[PDB]
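One chain follows as structure tokens, the form deposited in one PDB entry.
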């Protein structure tokens, strides 16, 4: 599962139908001036996929609608065509089309040209391992430097959500209520068994016997899950920590970084100079250093709950050439197991990229076109 193609119309600066040439399954990079349409493209994808855009009041819908001089637009849609070669999407098609259509009085999803609720859509996406939980499939510069400057309290909240305790509790409450719904049906088959063609009795009583052993296994399962729910936060901490230290050491060769608990919050201690007990707290790092470390932590968390594709909107803005090359080298490594769509103003990520796209704002609308490695590099310098 990856993004094979995107179609946009009437959506912010993409006023006119915009059919983006099919993406590489590896690393796509997008370049263009301030104001050209890059974040608008990423917002178009988030409009379809992100849980936070799933509900919009009229005031937010019309901000999505293109506005400008000339032809006035009244409706917008984004369509994503997913390649489904790995069969992660529970639909027997090589290509799966998901479209959201927005107007002032309309808001509808179409799965393979047929209407589906918002609940269908988020269930479909979780089926394929793309959660409404882990919201790190898409990263923005504003997300990075917001994480750069966040307190220890924020990082513990972050850790709780990647642990998954909240959704586990919702699934359990859902499960239990559905359990109660079967206990009433199980009563109207066990009490209903009084009456009992002699073989079908034994074959049905076999199946009653099966529901009785499964009830017991379900009760056992609920015990082991309830006991590990209280180990989750500490276990994910342990896991993200190890990931975080390995990621930072790949980014900063001789460096060292760890997470520390306190439970009140999650702190970071880091040494760029080389494990020499030069462990600085996060808040005393430099601006660029905080942003690299924020990125390493994101990479560590993505590793705890991986996604089939990643959207990165300007992640190397605060980074110097050395650290940009390190981010690029990492991206090239990750891009063999997951799709990447990124935007940058510097050449280092270009070396890491299999396909290049240029974004231009012309004649009141954004345009996105396939370009060559040379043109991307030429634009960037």
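If you superpose the two forms and keep the largest set of C-alpha atoms that fall within 1.5 Å, you have the rigid core. Residue numbers count along the first chain shown, from 1.
Below: the form deposited in another entry, not depicted.
* To do: Give the option from 113, 171, 207, 105 whose C-alpha shifts by 2 Å or more between this form and the one not shown; the alignment is on the rigid core.
  => Spelled out, the residue whose C-alpha shifts by 2 Å or more is 207.
* Look at residue 228 and decide if its Cα position differs by 2 Å or more between this form and the one not shown after superposing on the rigid core. => Indeed, residue 228 is displaced by 2 Å or more.
* Asked: On a core-based superposition, does residue 191 travel 2 Å or more at its Cα between this form and the one not shown?
  -> Yes, because once the rigid core is superposed, the C-alpha of residue 191 moves 2 Å or more between this form and the one not shown.
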